Amino acid sequence: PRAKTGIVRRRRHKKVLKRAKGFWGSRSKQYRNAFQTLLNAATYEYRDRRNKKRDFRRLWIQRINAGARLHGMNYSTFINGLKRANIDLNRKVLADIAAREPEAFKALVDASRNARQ
Amino acid sequence: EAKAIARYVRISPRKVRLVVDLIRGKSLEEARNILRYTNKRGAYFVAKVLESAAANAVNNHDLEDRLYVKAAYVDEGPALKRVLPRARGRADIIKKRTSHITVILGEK
Amino acid sequence: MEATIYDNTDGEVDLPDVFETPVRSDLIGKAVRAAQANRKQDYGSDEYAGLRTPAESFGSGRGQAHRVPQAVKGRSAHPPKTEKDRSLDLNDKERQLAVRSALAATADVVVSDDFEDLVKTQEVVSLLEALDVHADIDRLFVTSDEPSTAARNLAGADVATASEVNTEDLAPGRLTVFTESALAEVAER
Amino acid sequence: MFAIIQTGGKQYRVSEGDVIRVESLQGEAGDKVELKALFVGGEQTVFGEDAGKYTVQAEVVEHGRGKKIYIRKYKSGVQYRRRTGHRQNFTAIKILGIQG
RNA sequence: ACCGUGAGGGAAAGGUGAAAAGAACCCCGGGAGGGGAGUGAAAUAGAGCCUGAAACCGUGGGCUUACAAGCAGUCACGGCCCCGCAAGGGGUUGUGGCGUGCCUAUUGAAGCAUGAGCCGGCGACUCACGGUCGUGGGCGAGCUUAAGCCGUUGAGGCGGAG
RNA sequence: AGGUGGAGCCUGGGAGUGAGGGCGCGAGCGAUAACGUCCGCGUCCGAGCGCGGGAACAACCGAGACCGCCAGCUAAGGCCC
RNA sequence: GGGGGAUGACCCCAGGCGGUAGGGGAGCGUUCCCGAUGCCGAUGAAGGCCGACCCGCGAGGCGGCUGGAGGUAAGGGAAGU
């Protein structure tokens with residue numbers, strides 16, 4: 001009934017370590033805060049995990065404005081007019097357009113403005 | 001190209017370190033006067049580990065002069081765990097940190 | 001049923017309701033178990049040492065903290081306590097029971113008394129070539145009262161007796177034979 | 001060759017470059033299959049029209065493969081004595097943009 | 001060995017190889033130690049010389065660094081560098097974007113409350129006899145002490161006070 | 001009666017804390033003084049009731065965190081930067 | 001929980017799922033005893049060193065380099081985990 005756990009623990013650590021890129025001076029191999037720093041980073045990522053998709057909701061937000069206004073108006077106008085829509089409703093891709101295909105964008109831009117006034 | 005060395009070398013790894021960090025990657029003969037007429041200890045030593053170096057080559061690793069030190073380094077190891085005044089109660093030992101001494105000697 | 005008689009070309013004996021029956025794994029092992037059990041050994045770690053020396057666990061209000069365990073080689077913590085009651089007396093009924101149904105498993109092989117006579121471990125190389133295979137692999141000696149002489153020695157020893165030859169016995173996977181007097185243990189059954 | 005319809009989720013702006021697509025384990029199985037995908041973003045060869053003008057025709061793409069979670073780890077942790085770990089999910093079966 | 005006047009305490013420390021065949025000779029050098037040759041399956045197996053990990057000190061290389069804040073960092077986008085799981089990813093980060101470490105005890109904690117300098121190994125709900133419910137199952141009258149006998153393996157089987 | 005729907009009751013094994021505060025309200029004390037304490041009615045937090053807001057701020061307004069980075073409507077709260 | 005499950009699994013919707021003491025269920029490697037008609041390895045036991053297949057996971061497998069000799073159990077048992 002010997003338990004020389006050995007070889008085992010050591011491993012684990014390696015484990016984490018890996019989890020251990022080459023982050024900040026130390027932890028680097030910090031078989032502790034090593035481990036730690038982790039936990040941290042983690043959860044972080046997480047919250048980041050759901051985060052992003054937001055950072056986007058906005059990103060487009062501007063690149064959007066960049067145009068929405070360009071022509072001559074804001075995203076409480078557009079929007080309103082847009083939803084006046086009926087067989088066509090989208091936002092994301094819209095942007096990355098106005099920039100990709102000017103005409104395209106430019107377009108709706110109209111059909112829009114209108115829908116509105 | 002060939003190389004010189006020697007462990008169980010009593011001395012300030014560190015100090016040593018400056019040693020080369022000079023004559024470092026440079027013409028043989030050349031630095032061969034750096035350490036000849038530089039200062040701080042090690043030198044002496046340092047010099048030495050350049051002669052059995054220049055030697056070894058030409059002799060068994062072969063084109064003289066055209067040579068130099070593509071690279072040079074030193075490492076510490078074996079200590080000398082040394083005992084001193086018992087905290088006037090508990091022991092306080094230092095360590096004459098042994099000293100390795102490798103160093104390249106390749107031909108131009 | 002298919003109570004095959006040895007000597008092969010000779011007769012055939014009946015299957016005794018007993019063996020017949022179904023099966024009872026649970027008990028199965030169990031029988032087992034209550035085997036190794038009453039049959040292992042024991043051990044532990046020093047009583048003297050592991051609580052052997054004096055000890056000056058040190059005052060305190062100094063820079064420390066404190067003849068017991070938790071600083072090296074010494075102590076234990078709850079080790080081999082030889083005083084480790086090892087037995088496990090299954091239970092009569094229990095036991096017997098096992099072997100039974102047990103054997104039952106065996107059935108799934110008839111040793112003519114007449115054999116209780118053959119006199120050389122090369123007469124086994126014989127009554128061998130009689131009926132070999134892999135199950136023989138198993139094998140499993142056993143006469144009926146007083147073992148199958150020489151029959152006892154070879155590269156598969158083991159000579160129970162129409163009395164004394166249980167699961168521990170062959171029960172394991174295994175495959176064997178019993179001299180009538182053997183099925184004299186059945187009576188034991 | 002560049003259209004932008006929208007599936008059980010926009011996931012759009014394509015034409016031919018098969019676009020890793022959200023699950024759909026009922027029509028999919030259809031290996032290199034064909035199926036309709038309502039439009040609403042008619043952008044082809046510098047000519048556009050309502051995504052409501054569209055909502056009439058559309059396209060279709062061949063049920064290509066079944067991407068297997070493109071790695072992605074989720075260290076679920078906090079100082080608050082709560083840890084745990086689960087790897088990516090979101091796959092998906094791939095399929096080219098059959099345009100028309 | 002070692003601290004203790006004493007009674008007493010009371011450690012650490014094993015491993016080359018198949019066997020020495022254990023490194024004649026030549027080299028720089030006062031030497032140790034380093035360069036060749038030779039043993040050799042291998043000596044980065046080489047004399048405290050099997051495996052010989054981490055921490056920690058080096059030598060080169062990629063990337064990166066002087067109007068800049070935080071251990072962290074992680075989400076976005078960009079350039080350099082390599083594509084033995086190539087039209088996808090590696091590594092490093094310039095920016096910006098959201099971010100108060102980690103453990104015990106705490107009404108409540110980033111903590112300026114304590115715990116820890118760093119790494120590796122030891123190190124903490126166990127065993128026995130009772131009793132107690134639950135469950136896996138053998139008979140309903142169910143069940144066995146101690147012992148007697150049998151015992152490569154050593155094979156259990158009889159014992160009926162309770 | 002019961003629209004509900006999923007709590008309820010008895011028998012039995014295994015537990016933990018046995019000292020909390022914060023807010024609104026109705027009372028006690030208190031200089032109607034205290035992030036004071038003391039009882040009550042609801043909530044609140046519990047080392048994660050983690051996220052939004054109020055700059056920052058357990059905690060008060062809204063919210064119940066199984067998981068899905070380049071979807072969509074709103075809450076409270078906001079939209080000159 | 002419920003509608004039929006063939007052993008899987010598949011379909012609906014109800015229905016949540018934040019959680020420390022602490023309660024119930026399920027799994028993982030660790031050194032050993034089986035070898036329940038089990039044995040791999042000098043063209044490497046094992047540990048080591050490094051990785052963009054398998055799993056929610058704790059681990060697996062598998063391929064490249066190292067190193068001198070072991071031990072693995074398809075399944076149940078045990079414990080100085």
# chains A, B, ... in the order shown; residues from 1 in each chain; ligands from 1

call {"tool": "interface_residues", "arguments": {"of": "chain C", "to": "chain E", "cutoff": "6 Å", "atoms": "only C-alpha atoms (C1' of nucleotides)", "output": "PyMOL selection string"}}
result
chain C and resi 78+94+160+164-165

call {"tool": "write_last_selection", "arguments": {"atoms": "N, CA and C atoms", "output": "PDB file, in the first residue's frame"}}
result
ATOM      1  N   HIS C  78      -1.876   5.632  10.306  1.00  0.00           N
ATOM      2  CA  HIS C  78      -2.945   4.647  10.153  1.00  0.00           C
ATOM      3  C   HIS C  78      -2.570   3.605   9.091  1.00  0.00           C
ATOM      4  N   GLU C  94     -23.979 -20.588   3.671  1.00  0.00           N
ATOM      5  CA  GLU C  94     -23.382 -19.755   2.647  1.00  0.00           C
ATOM      6  C   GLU C  94     -22.469 -20.641   1.836  1.00  0.00           C
ATOM      7  N   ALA C 160      -8.082 -32.927  -5.002  1.00  0.00           N
ATOM      8  CA  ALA C 160      -9.136 -32.921  -3.996  1.00  0.00           C
ATOM      9  C   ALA C 160      -9.512 -34.356  -3.676  1.00  0.00           C
ATOM     10  N   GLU C 164     -13.481 -32.760   0.307  1.00  0.00           N
ATOM     11  CA  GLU C 164     -12.396 -31.783   0.327  1.00  0.00           C
ATOM     12  C   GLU C 164     -11.931 -31.441  -1.084  1.00  0.00           C
ATOM     13  N   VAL C 165     -12.562 -30.422  -1.658  1.00  0.00           N
ATOM     14  CA  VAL C 165     -12.296 -30.014  -3.027  1.00  0.00           C
ATOM     15  C   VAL C 165     -13.428 -29.114  -3.528  1.00  0.00           C
TER      16      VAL C 165
END

call {"tool": "select_by_dssp", "arguments": {"residues": "chain D", "states": "strand (DSSP E)", "output": "VMD selection string"}}
result
chain D and resid 43 to 44 47 to 48

call {"tool": "select_by_dssp", "arguments": {"residues": "chain B", "states": "helix (DSSP H, G or I)", "output": "PyMOL selection string"}}
result
chain B and resi 13-18+28-37+43-61

call {"tool": "write_last_selection", "arguments": {"atoms": "N, CA, C and O atoms", "output": "short mmCIF file (atom, residue, chain, number, x, y, z; two decimals), in the first residue's frame"}}
result
data_model
loop_
_atom_site.label_atom_id
_atom_site.label_comp_id
_atom_site.auth_asym_id
_atom_site.auth_seq_id
_atom_site.Cartn_x
_atom_site.Cartn_y
_atom_site.Cartn_z
N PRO B 13 31.47 33.04 -10.93
CA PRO B 13 30.86 32.90 -12.21
C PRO B 13 30.69 34.29 -12.78
O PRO B 13 31.38 34.67 -13.73
N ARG B 14 29.80 35.06 -12.17
CA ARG B 14 29.56 36.44 -12.57
C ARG B 14 30.82 37.09 -13.11
O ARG B 14 31.03 37.16 -14.33
N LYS B 15 31.66 37.59 -12.21
CA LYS B 15 32.91 38.22 -12.59
C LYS B 15 33.35 37.60 -13.91
O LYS B 15 33.18 38.20 -14.98
N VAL B 16 33.91 36.41 -13.83
CA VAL B 16 34.17 35.65 -15.02
C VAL B 16 33.36 36.30 -16.12
O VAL B 16 33.90 36.94 -17.02
N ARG B 17 32.04 36.16 -16.01
CA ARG B 17 31.13 36.61 -17.05
C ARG B 17 31.60 37.86 -17.78
O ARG B 17 31.77 37.84 -18.99
N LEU B 18 31.80 38.96 -17.05
CA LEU B 18 32.34 40.13 -17.72
C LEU B 18 33.53 39.70 -18.58
O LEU B 18 33.56 39.96 -19.79
N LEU B 28 41.13 35.98 -32.55
CA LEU B 28 42.05 35.37 -31.62
C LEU B 28 43.11 36.42 -31.31
O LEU B 28 42.78 37.55 -30.94
N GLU B 29 44.37 36.06 -31.50
CA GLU B 29 45.46 36.99 -31.27
C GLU B 29 44.95 38.26 -30.61
O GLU B 29 45.47 38.68 -29.57
N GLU B 30 43.92 38.86 -31.21
CA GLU B 30 43.40 40.16 -30.79
C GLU B 30 43.13 40.26 -29.29
O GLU B 30 43.94 40.80 -28.54
N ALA B 31 41.97 39.77 -28.87
CA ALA B 31 41.63 39.75 -27.45
C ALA B 31 42.81 39.18 -26.68
O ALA B 31 43.11 39.63 -25.57
N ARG B 32 43.49 38.20 -27.28
CA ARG B 32 44.66 37.56 -26.68
C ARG B 32 45.58 38.59 -26.05
O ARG B 32 46.61 38.25 -25.47
N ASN B 33 45.21 39.86 -26.20
CA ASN B 33 45.91 40.95 -25.55
C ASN B 33 44.94 41.69 -24.63
O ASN B 33 45.34 42.39 -23.70
N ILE B 34 43.65 41.54 -24.92
CA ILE B 34 42.62 42.03 -24.03
C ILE B 34 42.87 41.45 -22.64
O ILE B 34 43.14 42.18 -21.69
N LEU B 35 42.79 40.12 -22.55
CA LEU B 35 43.03 39.41 -21.29
C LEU B 35 44.50 39.43 -20.89
O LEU B 35 44.82 39.29 -19.71
N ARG B 36 45.39 39.60 -21.86
CA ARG B 36 46.80 39.74 -21.53
C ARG B 36 46.99 41.02 -20.72
O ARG B 36 47.68 41.01 -19.70
N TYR B 37 46.37 42.11 -21.16
CA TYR B 37 46.56 43.41 -20.52
C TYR B 37 45.29 44.06 -19.96
O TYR B 37 45.32 45.23 -19.58
N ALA B 43 40.59 36.86 -15.97
CA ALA B 43 41.55 37.02 -17.05
C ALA B 43 42.48 35.82 -17.02
O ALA B 43 42.14 34.75 -17.53
N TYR B 44 43.64 36.00 -16.41
CA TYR B 44 44.55 34.89 -16.20
C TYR B 44 43.83 33.63 -16.65
O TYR B 44 44.00 33.18 -17.78
N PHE B 45 43.02 33.07 -15.76
CA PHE B 45 42.15 31.98 -16.14
C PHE B 45 41.74 32.16 -17.60
O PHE B 45 42.39 31.65 -18.51
N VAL B 46 40.66 32.90 -17.81
CA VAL B 46 40.16 33.16 -19.15
C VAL B 46 41.22 32.92 -20.22
O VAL B 46 41.02 32.13 -21.14
N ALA B 47 42.34 33.62 -20.10
CA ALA B 47 43.45 33.42 -21.03
C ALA B 47 43.66 31.93 -21.23
O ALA B 47 43.32 31.38 -22.28
N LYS B 48 44.22 31.29 -20.21
CA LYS B 48 44.36 29.85 -20.19
C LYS B 48 43.36 29.20 -21.15
O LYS B 48 43.73 28.77 -22.24
N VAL B 49 42.09 29.15 -20.76
CA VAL B 49 41.06 28.46 -21.54
C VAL B 49 40.95 28.95 -22.99
O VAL B 49 40.04 28.58 -23.72
N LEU B 50 41.90 29.79 -23.40
CA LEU B 50 41.98 30.20 -24.79
C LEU B 50 43.13 29.51 -25.50
O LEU B 50 43.14 29.38 -26.72
N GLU B 51 44.12 29.06 -24.72
CA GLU B 51 45.33 28.48 -25.28
C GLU B 51 45.18 27.00 -25.62
O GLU B 51 45.54 26.57 -26.71
N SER B 52 44.66 26.23 -24.67
CA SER B 52 44.30 24.85 -24.94
C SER B 52 43.15 24.86 -25.93
O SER B 52 42.77 23.82 -26.46
N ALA B 53 42.60 26.04 -26.16
CA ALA B 53 41.57 26.23 -27.17
C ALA B 53 42.21 26.40 -28.54
O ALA B 53 42.07 25.55 -29.41
N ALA B 54 42.92 27.51 -28.73
CA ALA B 54 43.67 27.73 -29.96
C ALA B 54 44.42 26.45 -30.29
O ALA B 54 44.44 26.01 -31.43
N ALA B 55 45.03 25.86 -29.27
CA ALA B 55 45.73 24.60 -29.42
C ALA B 55 44.78 23.54 -29.99
O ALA B 55 44.64 23.40 -31.21
N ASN B 56 44.14 22.79 -29.09
CA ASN B 56 43.20 21.75 -29.49
C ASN B 56 42.93 21.79 -30.99
O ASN B 56 43.16 20.81 -31.70
N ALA B 57 42.46 22.94 -31.47
CA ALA B 57 42.21 23.12 -32.89
C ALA B 57 43.46 22.80 -33.69
O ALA B 57 43.89 21.65 -33.74
N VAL B 58 44.04 23.81 -34.31
CA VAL B 58 45.27 23.62 -35.07
C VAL B 58 45.81 22.22 -34.86
O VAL B 58 46.07 21.49 -35.82
N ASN B 59 46.00 21.84 -33.60
CA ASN B 59 46.57 20.54 -33.29
C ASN B 59 45.72 19.37 -33.79
O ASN B 59 46.19 18.55 -34.57
N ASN B 60 44.47 19.31 -33.34
CA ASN B 60 43.61 18.18 -33.67
C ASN B 60 42.25 18.58 -34.26
O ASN B 60 41.46 17.72 -34.65
N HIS B 61 42.00 19.89 -34.31
CA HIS B 61 40.74 20.41 -34.85
C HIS B 61 40.99 21.36 -36.02
O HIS B 61 40.04 21.93 -36.57
#

call {"tool": "closest_atom_pairs", "arguments": {"of": "chain E", "to": "chain D", "cutoff": "10 Å", "atoms": "only C-alpha atoms (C1' of nucleotides)", "output": "tab-separated table"}}
result
residue	atom	partner	partner_atom	distance
E:101	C1'	D:79	CA	9.3
E:102	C1'	D:79	CA	7.2
E:103	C1'	D:79	CA	9.1

call {"tool": "write_last_selection", "arguments": {"atoms": "N, CA, C and O atoms (P, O5', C5', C4', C3', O3' and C1' of nucleotides)", "output": "PDB file, in the first residue's frame"}}
result
ATOM      1  P     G E 101     -10.983  40.112  -7.639  1.00  0.00           P
ATOM      2  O5'   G E 101      -9.534  39.407  -7.607  1.00  0.00           O
ATOM      3  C5'   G E 101      -8.306  39.990  -7.063  1.00  0.00           C
ATOM      4  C4'   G E 101      -7.032  39.438  -7.717  1.00  0.00           C
ATOM      5  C3'   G E 101      -6.702  37.995  -7.385  1.00  0.00           C
ATOM      6  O3'   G E 101      -7.602  37.152  -8.062  1.00  0.00           O
ATOM      7  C1'   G E 101      -4.685  39.226  -7.464  1.00  0.00           C
ATOM      8  P     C E 102      -8.699  36.322  -7.247  1.00  0.00           P
ATOM      9  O5'   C E 102      -7.805  35.310  -6.422  1.00  0.00           O
ATOM     10  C5'   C E 102      -7.520  34.079  -7.015  1.00  0.00           C
ATOM     11  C4'   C E 102      -6.720  33.310  -6.013  1.00  0.00           C
ATOM     12  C3'   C E 102      -7.389  33.148  -4.667  1.00  0.00           C
ATOM     13  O3'   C E 102      -8.392  32.168  -4.699  1.00  0.00           O
ATOM     14  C1'   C E 102      -5.136  33.648  -4.406  1.00  0.00           C
ATOM     15  P     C E 103      -9.636  32.309  -3.708  1.00  0.00           P
ATOM     16  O5'   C E 103      -9.069  31.812  -2.303  1.00  0.00           O
ATOM     17  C5'   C E 103      -9.182  30.443  -1.933  1.00  0.00           C
ATOM     18  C4'   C E 103      -7.940  30.015  -1.182  1.00  0.00           C
ATOM     19  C3'   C E 103      -8.045  29.953   0.338  1.00  0.00           C
ATOM     20  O3'   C E 103      -8.635  28.726   0.809  1.00  0.00           O
ATOM     21  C1'   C E 103      -6.151  31.223  -0.222  1.00  0.00           C
TER      22        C E 103
END

call {"tool": "atom_distance", "arguments": {"atom1": "CA of residue 27 in chain A", "atom2": "CA of residue 12 in chain A"}}
result
15.9 Å

call {"tool": "interface_residues", "arguments": {"of": "chain A", "to": "chain G", "cutoff": "9 Å", "atoms": "only C-alpha atoms (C1' of nucleotides)", "output": "ChimeraX atom specification"}}
result
/A:1-8

call {"tool": "write_last_selection", "arguments": {"atoms": "N, CA, C and O atoms", "output": "CSV table (one decimal), in the first residue's frame"}}
result
chain,number,residue,atom,x,y,z
A,1,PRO,N,0.8,-1.2,0.0
A,1,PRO,CA,0.0,0.0,0.0
A,1,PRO,C,0.9,1.3,0.0
A,1,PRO,O,0.6,2.2,0.8
A,2,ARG,N,1.8,1.3,-0.9
A,2,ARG,CA,2.7,2.5,-1.1
A,2,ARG,C,1.9,3.4,-2.1
A,2,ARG,O,1.2,2.9,-2.9
A,3,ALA,N,2.1,4.7,-2.0
A,3,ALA,CA,1.3,5.7,-2.7
A,3,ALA,C,2.1,6.7,-3.6
A,3,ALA,O,1.6,7.6,-4.1
A,4,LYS,N,3.5,6.4,-3.6
A,4,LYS,CA,4.3,7.3,-4.4
A,4,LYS,C,3.6,8.1,-5.5
A,4,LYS,O,4.1,8.3,-6.6
A,5,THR,N,2.4,8.6,-5.2
A,5,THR,CA,1.7,9.5,-6.0
A,5,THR,C,2.6,9.9,-7.2
A,5,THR,O,2.2,9.7,-8.4
A,6,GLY,N,3.8,10.3,-6.9
A,6,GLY,CA,4.8,10.7,-7.9
A,6,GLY,C,4.4,10.6,-9.3
A,6,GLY,O,3.3,10.2,-9.7
A,7,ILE,N,5.3,11.0,-10.2
A,7,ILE,CA,5.1,11.0,-11.6
A,7,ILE,C,3.8,11.7,-11.9
A,7,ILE,O,3.6,12.4,-12.9
A,8,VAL,N,2.8,11.4,-11.1
A,8,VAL,CA,1.4,11.9,-11.3
A,8,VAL,C,1.3,13.4,-11.2
A,8,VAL,O,1.2,14.1,-12.1

call {"tool": "residues_around", "arguments": {"residues": "residue 41 in chain A", "least_positions_apart": "4", "cutoff": "8 Å", "atoms": "only C-alpha atoms (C1' of nucleotides)", "output": "number ranges by chain"}}
result
A: 37, 45; E: 72-74

call {"tool": "residues_around", "arguments": {"residues": "residue 38 in chain C", "least_positions_apart": "3", "cutoff": "12 Å", "atoms": "only C-alpha atoms (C1' of nucleotides)", "output": "VMD selection string"}}
result
(chain C and resid 31 to 35 41 to 42 85 to 91 168) or (chain E and resid 156)

call {"tool": "write_last_selection", "arguments": {"atoms": "N, CA and C atoms (P, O5', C5', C4', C3', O3' and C1' of nucleotides)", "output": "PDB file, in the first residue's frame"}}
result
ATOM      1  N   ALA C  31     -19.116 -17.088  -2.434  1.00  0.00           N
ATOM      2  CA  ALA C  31     -18.380 -18.314  -2.188  1.00  0.00           C
ATOM      3  C   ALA C  31     -16.918 -17.933  -2.328  1.00  0.00           C
ATOM      4  N   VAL C  32     -16.490 -17.783  -3.574  1.00  0.00           N
ATOM      5  CA  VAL C  32     -15.206 -17.190  -3.850  1.00  0.00           C
ATOM      6  C   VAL C  32     -14.807 -16.415  -2.611  1.00  0.00           C
ATOM      7  N   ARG C  33     -14.773 -15.097  -2.758  1.00  0.00           N
ATOM      8  CA  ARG C  33     -14.595 -14.200  -1.631  1.00  0.00           C
ATOM      9  C   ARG C  33     -14.237 -15.000  -0.383  1.00  0.00           C
ATOM     10  N   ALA C  34     -15.220 -15.189   0.495  1.00  0.00           N
ATOM     11  CA  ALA C  34     -15.024 -15.994   1.693  1.00  0.00           C
ATOM     12  C   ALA C  34     -13.999 -17.074   1.403  1.00  0.00           C
ATOM     13  N   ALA C  35     -13.190 -16.824   0.378  1.00  0.00           N
ATOM     14  CA  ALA C  35     -12.089 -17.703   0.034  1.00  0.00           C
ATOM     15  C   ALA C  35     -10.782 -16.971   0.285  1.00  0.00           C
ATOM     16  N   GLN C  41      -2.780 -12.929   4.196  1.00  0.00           N
ATOM     17  CA  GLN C  41      -1.923 -12.701   5.358  1.00  0.00           C
ATOM     18  C   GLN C  41      -2.113 -11.279   5.890  1.00  0.00           C
ATOM     19  N   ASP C  42      -1.092 -10.716   6.537  1.00  0.00           N
ATOM     20  CA  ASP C  42      -1.239  -9.388   7.156  1.00  0.00           C
ATOM     21  C   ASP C  42       0.055  -8.571   7.256  1.00  0.00           C
ATOM     22  N   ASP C  85      -7.250  -7.459  11.829  1.00  0.00           N
ATOM     23  CA  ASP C  85      -8.154  -8.594  11.726  1.00  0.00           C
ATOM     24  C   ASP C  85      -8.398  -8.891  10.245  1.00  0.00           C
ATOM     25  N   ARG C  86      -7.904 -10.035   9.790  1.00  0.00           N
ATOM     26  CA  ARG C  86      -7.871 -10.341   8.369  1.00  0.00           C
ATOM     27  C   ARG C  86      -8.947 -11.354   7.991  1.00  0.00           C
ATOM     28  N   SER C  87      -9.120 -12.359   8.839  1.00  0.00           N
ATOM     29  CA  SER C  87     -10.147 -13.368   8.643  1.00  0.00           C
ATOM     30  C   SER C  87     -11.325 -12.816   7.852  1.00  0.00           C
ATOM     31  N   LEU C  88     -12.456 -13.513   7.937  1.00  0.00           N
ATOM     32  CA  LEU C  88     -13.682 -13.130   7.240  1.00  0.00           C
ATOM     33  C   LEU C  88     -14.729 -14.235   7.242  1.00  0.00           C
ATOM     34  N   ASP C  89     -14.572 -15.188   8.155  1.00  0.00           N
ATOM     35  CA  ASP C  89     -15.473 -16.332   8.241  1.00  0.00           C
ATOM     36  C   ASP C  89     -16.775 -16.093   7.504  1.00  0.00           C
ATOM     37  N   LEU C  90     -16.811 -16.486   6.236  1.00  0.00           N
ATOM     38  CA  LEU C  90     -18.067 -16.529   5.523  1.00  0.00           C
ATOM     39  C   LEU C  90     -19.049 -17.238   6.447  1.00  0.00           C
ATOM     40  N   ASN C  91     -19.884 -18.105   5.891  1.00  0.00           N
ATOM     41  CA  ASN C  91     -20.787 -18.895   6.713  1.00  0.00           C
ATOM     42  C   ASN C  91     -21.063 -20.271   6.146  1.00  0.00           C
ATOM     43  N   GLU C 168     -13.054 -22.670  -4.194  1.00  0.00           N
ATOM     44  CA  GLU C 168     -11.643 -22.374  -4.080  1.00  0.00           C
ATOM     45  C   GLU C 168     -11.052 -23.438  -4.968  1.00  0.00           C
TER      46      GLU C 168
ATOM     47  P     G E 156     -10.645 -23.729   0.778  1.00  0.00           P
ATOM     48  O5'   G E 156     -11.677 -23.582   1.996  1.00  0.00           O
ATOM     49  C5'   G E 156     -13.053 -23.940   1.856  1.00  0.00           C
ATOM     50  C4'   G E 156     -13.268 -25.435   1.996  1.00  0.00           C
ATOM     51  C3'   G E 156     -14.337 -25.826   2.993  1.00  0.00           C
ATOM     52  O3'   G E 156     -15.488 -26.107   2.248  1.00  0.00           O
ATOM     53  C1'   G E 156     -12.328 -27.060   3.395  1.00  0.00           C
TER      54        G E 156
END

call {"tool": "closest_atom_pairs", "arguments": {"of": "chain F", "to": "chain A", "cutoff": "10 Å", "atoms": "only C-alpha atoms (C1' of nucleotides)", "output": "tab-separated table"}}
result
residue	atom	partner	partner_atom	distance
F:51	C1'	A:47	CA	9.6
F:68	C1'	A:50	CA	9.0
F:69	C1'	A:53	CA	4.3
F:70	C1'	A:56	CA	5.9
F:71	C1'	A:92	CA	7.1
F:72	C1'	A:90	CA	8.2
F:79	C1'	A:76	CA	10.0

call {"tool": "closest_atom_pairs", "arguments": {"of": "chain A", "to": "chain D", "cutoff": "8 Å", "atoms": "only C-alpha atoms", "output": "Markdown table"}}
result
| residue | atom | partner | partner_atom | distance |
| --- | --- | --- | --- | --- |
| A:39 | CA | D:77 | CA | 5.2 |
| A:40 | CA | D:78 | CA | 6.7 |
| A:42 | CA | D:75 | CA | 4.4 |
| A:43 | CA | D:77 | CA | 4.2 |
| A:44 | CA | D:77 | CA | 7.9 |
| A:45 | CA | D:75 | CA | 7.1 |
| A:46 | CA | D:74 | CA | 5.9 |
| A:49 | CA | D:74 | CA | 7.6 |
| A:85 | CA | D:52 | CA | 7.9 |
| A:86 | CA | D:52 | CA | 6.4 |
| A:87 | CA | D:52 | CA | 3.4 |
| A:88 | CA | D:51 | CA | 4.2 |
| A:89 | CA | D:51 | CA | 7.2 |
| A:90 | CA | D:10 | CA | 8.0 |
| A:92 | CA | D:10 | CA | 7.7 |
| A:93 | CA | D:13 | CA | 6.8 |
| A:101 | CA | D:46 | CA | 7.6 |
| A:103 | CA | D:46 | CA | 6.7 |
| A:104 | CA | D:48 | CA | 5.6 |
| A:107 | CA | D:48 | CA | 7.2 |
| A:108 | CA | D:50 | CA | 7.3 |

call {"tool": "residues_around", "arguments": {"residues": "residue 1 in chain G", "least_positions_apart": "4", "cutoff": "12 Å", "atoms": "only C-alpha atoms (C1' of nucleotides)", "output": "list in words"}}
result
residues 6 of chain F; 13, 14 and 15 of chain G

call {"tool": "residues_around", "arguments": {"residues": "residue 9 in chain B", "least_positions_apart": "5", "cutoff": "8 Å", "atoms": "only C-alpha atoms (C1' of nucleotides)", "output": "PyMOL selection string"}}
result
chain B and resi 98-101

call {"tool": "interface_residues", "arguments": {"of": "chain E", "to": "chain B", "cutoff": "12 Å", "atoms": "only C-alpha atoms (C1' of nucleotides)", "output": "PDB file with C-alpha atoms (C1' of nucleotides), in the first residue's frame"}}
result
ATOM      1  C1'   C E  26      50.187  12.875 -28.173  1.00  0.00           C
ATOM      2  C1'   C E  27      48.277  18.124 -27.079  1.00  0.00           C
ATOM      3  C1'   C E  28      47.346  23.743 -23.812  1.00  0.00           C
ATOM      4  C1'   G E  29      48.527  23.849 -18.571  1.00  0.00           C
ATOM      5  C1'   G E  30      51.654  25.264 -12.326  1.00  0.00           C
ATOM      6  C1'   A E  32      42.900  20.477 -11.834  1.00  0.00           C
ATOM      7  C1'   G E  33      40.725  20.304 -15.985  1.00  0.00           C
ATOM      8  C1'   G E  34      39.943  20.652 -21.105  1.00  0.00           C
ATOM      9  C1'   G E  35      41.625  18.458 -27.211  1.00  0.00           C
ATOM     10  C1'   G E  36      42.603  14.118 -29.915  1.00  0.00           C
ATOM     11  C1'   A E  37      43.426   8.477 -30.231  1.00  0.00           C
ATOM     12  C1'   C E  56      17.415  28.357 -10.933  1.00  0.00           C
ATOM     13  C1'   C E  57      22.086  30.469 -13.816  1.00  0.00           C
ATOM     14  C1'   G E  58      23.879  30.593 -19.029  1.00  0.00           C
ATOM     15  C1'   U E  59      24.966  30.816 -24.944  1.00  0.00           C
ATOM     16  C1'   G E  60      22.447  31.923 -29.970  1.00  0.00           C
TER      17        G E  60
END
